[PDB]
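J.: Next up is a structure, given as structure tokens.
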Amino acid sequence: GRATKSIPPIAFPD
């Protein structure tokens with residue numbers, strides 16, 4: 001459930 005708004009937006013199922 002972790003997503004970065006910083007480029008690149010990487011997302012983790014967390």
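If you're wondering about the labels, chains in the structure tokens are A, B, ... by order shown, residues count from 1 in each chain, ligands from 1 in order shown.
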Would you please give, as a count of residues only, all residues of chain A that DSSP assigns to strand (DSSP E) based on the backbone?
T.: 4
J.: Find the spatial neighbours of residue A:11, counting only C-alpha atoms, within a cut-off of 8 Å - ignore same-chain residues fewer than 2 positions away - and output them as JSON, numbers by chain.
T.: {"A": [1, 2, 3, 4, 9, 13]}
